[PDB]
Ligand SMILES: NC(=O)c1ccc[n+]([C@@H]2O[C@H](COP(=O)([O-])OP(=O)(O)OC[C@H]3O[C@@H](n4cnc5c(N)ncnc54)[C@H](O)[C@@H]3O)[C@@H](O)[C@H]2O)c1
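Here you get one chain, nothing else, as structure tokens; it is the form deposited without the named molecule.
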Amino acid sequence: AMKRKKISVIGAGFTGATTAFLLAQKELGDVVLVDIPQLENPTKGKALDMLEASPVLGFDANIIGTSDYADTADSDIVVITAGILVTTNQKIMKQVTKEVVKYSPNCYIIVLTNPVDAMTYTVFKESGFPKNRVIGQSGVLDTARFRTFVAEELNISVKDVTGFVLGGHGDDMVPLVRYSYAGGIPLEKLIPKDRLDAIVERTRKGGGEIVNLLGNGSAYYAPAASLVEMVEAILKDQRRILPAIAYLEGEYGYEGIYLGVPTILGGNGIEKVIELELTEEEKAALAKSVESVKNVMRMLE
């Protein structure tokens, strides 16, 4: 019998709630929205509010809020949005992963939780899943901001701007501006150095730019979207080329780390890590980024 995909979203804060609504809207599957029992009634309210929107927006999807992981049973994909001082989010990543793993042993996992490289590593180790089934989000969000900033600079559709991002957020980000185009035209040909360097730099600070404006909590629209593109690529077996936080076993000359790298995202999750020839400057830039990744993994208990 034909049955809908089941997707569970852990964390019913703004990113989690938004991701649940975007998945249901696209009819990608039934959605279970999970958070802690103290937040049970807010979570139920959000999900039911979302379900009450379905006759109007015209999507068929079930949406339930819960504090019981039993309801996540046989999820095809789980999206981890929980957490808030790295050990804080490590222990949450461990308690969550254990519960997710029991009810859906065959599930794929996407981790938003900061810092993503280390939090996705924890979820990988604790799960005992193969490496293709545990992905973190980072590069798509940085790519999204960079594309927004270049589209504003050139006054062109964001559809025709591409960014290229290895590594994580802020100072850990390794952008290849030489693999960044407008309609396939290298951006170094279109935007003078000061303004381009200023866009790379707004991309680094992009997460903080939103926190500072809000005054409380962090970004949620663009992060939720980023998670949803990654989920869609798996559920619809799209074999997208997307930057993902993936477990390395020799690629770029590193091993036993999660790093932000170009991947093929398909029905098996990470189909493959793509290995690029970097310039000496990019190699140097990435080596620095990885040292920062090792620096956080050693912060783990």
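When you see a residue number, it is the position in the sequence shown, counting from 1.
FYI, the form solved in complex with the named molecule isn't displayed, but the following is about it.
Ligand-free form, site status open: the named molecule, modelled in by superimposing site C-alphas onto its pose in the bound PDB entry, keeps every atom beyond 2.4 Å of backbone and C-beta atoms. When contacts are judged by a 4.5 Å heavy atom cut-off, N114 counts as touching the named molecule in the bound PDB entry. Put simply, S127 is far from the named molecule in the bound PDB entry: not one heavy atom of it is within 4.5 Å. Contact between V96 and the named molecule in the bound PDB entry is found at the 4.5 Å heavy atom cutoff. Not displayed here, the named molecule is kept clear of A182 by more than 4.5 Å at the level of heavy atoms in the bound PDB entry.
Residues placing heavy atoms within 4.5 Å of the named molecule in the bound PDB entry fall in a single listed stretch, namely 106-114, out of 155-163, 71-79, 106-114, 191-199. Note on contacts: among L57, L48, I36, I274, the single residue with a heavy atom within 4.5 Å of the named molecule in the bound PDB entry is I36. At a distance of at most 4.5 angstroms from the named molecule in the bound PDB entry, none of the three residues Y121, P243 and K294 contributes a non-hydrogen atom.
Residues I10, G11, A12, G13, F14, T15, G16 are the ones in 2-25 with at least one heavy atom within 4.5 Å of the named molecule in the bound PDB entry, listed in sequence order.
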